[PDB]
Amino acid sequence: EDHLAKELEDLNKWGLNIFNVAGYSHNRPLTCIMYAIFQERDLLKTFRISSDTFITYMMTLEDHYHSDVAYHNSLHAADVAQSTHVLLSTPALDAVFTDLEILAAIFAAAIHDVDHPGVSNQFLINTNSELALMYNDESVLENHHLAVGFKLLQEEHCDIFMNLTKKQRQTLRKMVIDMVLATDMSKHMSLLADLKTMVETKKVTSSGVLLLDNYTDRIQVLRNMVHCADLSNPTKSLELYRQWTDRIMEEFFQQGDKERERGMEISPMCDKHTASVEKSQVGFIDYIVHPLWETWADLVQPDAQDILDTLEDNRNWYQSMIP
């Protein structure tokens, strides 16, 4: 209450603590933060989005994330939206993004894992889930999260975009689909390779601000930005990172259990009887998170040096916790 306001003073900062805000908001981190983010950015005035209409949509959306899922609940969506909101304000990207694009990125982050069941794309495919069948085994969950988020905008009471242009609604729809689809981990290497190529030919106005010529280059940076926000736990303060690490291992171990019950092959990192939580996080930083953040940092330097320091430091805490 007074605690909520104290915590939201950190809204524009990486150091924001999303657990605390959930505790001070009747367990509505995502509504809480989306509302804070949208007032902070004047998005409601700019796009003539009624306040009531926005709250009802956000509340419904949060309710569609599942509370009995360890990691992929409304707290995570709120984290990615907040992380994303800070990254959009990085100095190197200053006057680069239209208000529509900014709106699309934060909306994308908000809905990006909605209705997630606490199991991977691979599991849904191997068990012949209705979702895998619906989606022909390709970005199964990701296609689903989009389908749900765009469905909920259909009833006029929740169409936060009622007042955009037709041409504006389409461009947003195109951008959001593109960004959520890019959170699919199977596409990570392809995305990281492309990010490295964009860094190679990077250009700036002279004031250390990137020159991103039309749609292609702009959506590529937004794709990677939301993907970075989604893989941002290990760049956050250690107290936060450990709670996030603990929640993701609870989700995985539950999957390992659901896998075992059914005689399926259990995947090593989902095996509670063999998986080292610590080695597991070190591998995650070495082979996935650091290579990505190292490249993001190159693109916006030196805006993300602090983050790389924290990362390299959290990496060592986990290393030092293994014999």
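Numbers for residues come from their place in the sequence shown, where the first is 1. Whichever C-alpha set is largest while still superposing within 1.5 Å between the two forms counts as the rigid core.
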Fitting on the core, do the C-alphas of 148-156 or of 230-238 deviate more in 8 other deposited structures of this protein? 148-156
Farther-lying stretch by C-alpha RMS in 8 other deposited structures of this protein, rigid core as reference, of 261-269 and 45-53: 261-269
Comparing 153-161 with 170-178, the one whose average Cα B-factor in the PDB entry is higher: 153-161
Select between 266-274 and 34-42 the stretch whose C-alpha atoms have the higher average B-factor in the entry. 266-274
Cα B factor band for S129 (lowest, middle or highest third within the chain): lowest
Thinking about Cα B factors across the chain, which third does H144 belong to? lowest
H116: which third of its chain by C-alpha temperature factor? lowest
Looking at the C-alpha B-factor of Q301, is it in the lowest, middle or highest third of its chain? middle
Divide the modelled residues of the chain into thirds by Cα B-factor and specify which third, lowest, middle or highest, holds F107. middle
